[PDB]
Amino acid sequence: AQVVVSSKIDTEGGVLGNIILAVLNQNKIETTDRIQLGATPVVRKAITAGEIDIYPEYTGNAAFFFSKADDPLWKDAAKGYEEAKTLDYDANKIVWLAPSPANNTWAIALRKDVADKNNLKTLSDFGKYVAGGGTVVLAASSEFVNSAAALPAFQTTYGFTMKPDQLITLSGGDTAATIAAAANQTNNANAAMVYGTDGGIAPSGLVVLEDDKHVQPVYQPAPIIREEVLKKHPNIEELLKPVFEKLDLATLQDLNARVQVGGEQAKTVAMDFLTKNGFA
């Protein structure tokens, strides 16, 4: 009876899915590889229909599965995890395992040189810097600039206001174009809209600022597993715990970069991560 391991179609889906598969095979659990099956909807239907067994899900996406998109509890990491875990077990008998501390949510990343020079690590620091007349040009989508949940919420909470001459506004939502603007300083860009663990952040020499007042919902990746399968292989829980523990924001960025910038296979990158940290 094979454990069917899967993931979402994106890079991180590939990386995390292979870490799970590698760890399972490494500890004598026979597996079926259905990694990168499709977007979140297809993968959810799959596990709830019993077609897959385990895959990496993000805490905050449970906001959308259980019709709680507008709830401010998802902006807290601990409460988001506890809620995702409780709901899925009660509703679906899906067990959420120990999460990664990485937060793959909408964020602002700065060029390292500007961050170092001005001691900017958090959005509180960034807001003070912008408010006080600091030099910034943010590359962002029109949706990020304008939708109430994004930059307007950052602006309100951290106490700054972006002038039109501090903004490069792009039509699309792909963070590839925004990361490259900041990386290459197009029209003096020095800051970029990103998702926390985008691979392009590592090689571009950017740093993600901490969302220290919790304005965006938290999307921490965790392995989630069908209960009947976990009952058969109960050691899966403890074996994935230390592994996901070690998957911080920068580590995740680098692994994703190895795949989406270096063109390495997700399988190889997963195994290299595991051997490097003594898990295989």
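In this text, residue numbers run from 1 along the sequence as written.
In this entry, 33-41 shows the higher mean Cα temperature factor of the pair 214-222 and 33-41.
Comparing 268-276 with 252-260, the stretch with the higher mean C-alpha B-factor in the PDB entry is 268-276. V15 sits in the lowest third of its chain by CA B factor, as recorded in the PDB entry.
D71: CA B factor lies in the highest third for its chain, per the PDB record. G60: CA B factor lies in the lowest third for its chain, per the PDB record. Among all modelled residues in this chain, the alpha-carbon of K163 has a temperature factor (C-alpha) in the highest third. In the deposited entry, the Cα temperature factor of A149 sits in the middle third of values across the chain's modelled residues.
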